[PDB]
Every structure is written in C-alpha cells, then in structure tokens.
Amino acid sequence: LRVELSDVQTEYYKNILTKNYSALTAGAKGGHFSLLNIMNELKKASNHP
DNA sequence: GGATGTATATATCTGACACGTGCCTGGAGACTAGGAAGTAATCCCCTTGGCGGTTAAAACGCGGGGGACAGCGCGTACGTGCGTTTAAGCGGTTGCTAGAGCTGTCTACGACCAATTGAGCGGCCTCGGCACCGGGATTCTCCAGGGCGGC
C-alpha cells in the first residue's frame with residue numbers, strides 16, 4: 001500500500017533533501033539537528049514528523 | 001591726601017603647521033612557471049538506528065567514626081615609631097676600548113641541475129623455539145591359593 005505524504009512530511013523531506021539547516025533549526029531553538037546519515041533522516045521523515 | 005585691588009595692553013615662550021630635500025622602498029607594467037583547483041577511480045573508516053548477552057561498574061542505603069571547623073588561651077614575633085648612619089643619587093675626571101654604522105673587496109660556500117645508485121619499504125623463505133603425537137621405562141592396585149577354626 002503506497003500512500004501519499006502530508007504537508008509536514010513534504011516540507012521536512014524538502015528541507016532534508018535540499019539541506020536547510022537554517023530552516024530545520026527554526027522552531028523552538030532547534031536542538032542541533034544532525035544531517036549526517038541523510039537517508040536515515042529521509043526514512044524518519046517518511047515515517048512520521 | 002596716600003597706597004592697594006583689579007582691568008586691559010604688550011612682549012616673550014612654546015607646541016604645532018607647512019615648506020624643503022633626499023632616498024629608498026613600494027607601486028606599475030610585463031612575462032612566466034608551477035601551485036593549486038578540479039576530475040575520476042578505489043578502498044577503508046565513520047554515522048545512525050537497532051539487537052543480544054556478560055558482567056563488572058555504578059547507584060543506593062546505612063552505620064559510624066574521623067576529620068573539618070569553631071572557640072579560647074598564650075606567647076612571640078612582627079608592626080610602628082624614632083634617632084642615627086650610610087650609601088644611593090647626581091655631577092664630574094680621564095683615558096681606552098667595544099660596537100654601531102658605512103664603504104669596499106673578495107673568496108669560499110651553498111643553491112641548482114643532471115645522472116646515478118644504494119638505502120628504505122614491502123613480501124617470501126628459512127631457522128629458533130614452542131608445542132603435538134608415538135614409543136619405551138617405572139610403579140600401583142588387585143584376584144586367587146594355602147592354612148586354620150567351628151559344628
């Protein structure tokens with residue numbers, strides 16, 4: 001069963017895939033968003049925001 | 001009526017601005033070579049999120065006593081003040097020598113380049129020593145026969 005993505009999932013996928021440290025850090029002062037293992041973060045974004 | 005306090009004017013001292021000059025060091029223009037940026041390939045280490053099992057370290061609680069801290073006494077050693085001494089600080093002599101600066105000459109020593117080759121790095125074969133397996137020598141436990149006692 002292939003399901004489409006929500007808007008939050010789509011913007012998280014676009015922020016990770018086109019790396020946006022400033023945009024990913026924005027919101028409750030970040031917390032040192034680690035973009036090492038890009039595919040791990042993409043799988044996390046595909047699962048749940 | 002005489003001398004004192006105060007205001008304005010003039011000469012002199014002093015830091016700062018501009019003018020002048022040398023010179024030498026930085027800037028402009030041109031040329032060239034190589035340092036570094038970029039590209040592709042290969043291979044190994046690091047990242048993130050998990051699982052499993054061992055186990056020794058970490059955590060928690062509790063009793064107790066050793067040590068930190070406060071207080072007090074005391075005596076000594078350091079602060080304080082004064083009078084006396086002494087040596088630092090300044091100015092000075094008198095010559096000679098060391099050293100910075102500048103100029104000049106020259107020569108041995110180090111940069112540079114080409115050819116060479118032999119010392120450093122990797123793998124391969126062998127020995128020294130440690131270990132695995134087979135055989136000989138030495139000592140320990142055991143089963144059976146002979147003799148004696150009882151009904």
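Letters A, B, ... mirror the listed sequences (proteins, then strands); counts begin at 1.
Using a 4.5 Å cut-off on side-chain heavy atoms (C-beta onward), A:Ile38 and A:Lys19 make contact.
Phosphate contact (OP1/OP2 of B:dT48, side-chain N/O of A:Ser34, threshold under 4.0 Å): present.
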N/O-N/O pairs, protein side and nucleotides 43-46 of chain B side, under 3.5 Å:
none

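Side chains of A:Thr18 and A:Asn20: a donor-acceptor N/O pair is present below 3.5 angstrom, by distance only.
For DNA chain B, if you chain together Watson-Crick or G-U pairs that step i with j, i+1 with j-1 and so on, you find no run of at least three with distances under 3.5 Å.
For residues 5-14 of chain A, the set of pairs meeting the side chain to side chain donor-acceptor pair (under 3.5 Å) definition, not counting sequence neighbours, comprises A:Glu11-A:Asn15. Sequence neighbours left out, the pairs with a member in residues 32-41 of chain A that pass salt bridge (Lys or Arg N to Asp or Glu O under 4.0 Å) are A:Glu41-A:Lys44.
When the salt bridge (charged side-chain N to carboxylate O under 4.0 Å, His left out) test is applied to A:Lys43, no partner is found at least two apart in sequence or on another chain.
One finds the CZ atom of A:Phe33 at 8.5 Å from the OG1 atom of A:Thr25 (value rounded to the nearest 0.5 Å). Put simply, CG on A:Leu35 and CG on A:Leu17 are 10.5 Å apart, with the number rounded to the nearest 0.5 Å. Separating the CD1 atom in A:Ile16 from the OG atom in A:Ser46 is a distance of 8.5 Å, to the nearest 0.5 Å.
In the region residues 37-49 of chain A, proximity to DNA chain B at under 4.0 angstrom, judged on heavy atoms, holds for A:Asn37, A:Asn40, A:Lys44.
For B:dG50, the ring torsion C1'-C2'-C3'-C4' comes out positive, which puts the sugar in the north group.
Here the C1' atom of nucleotide B:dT47 and the CD1 atom of A:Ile16 are 15 Å apart, to the nearest Å.
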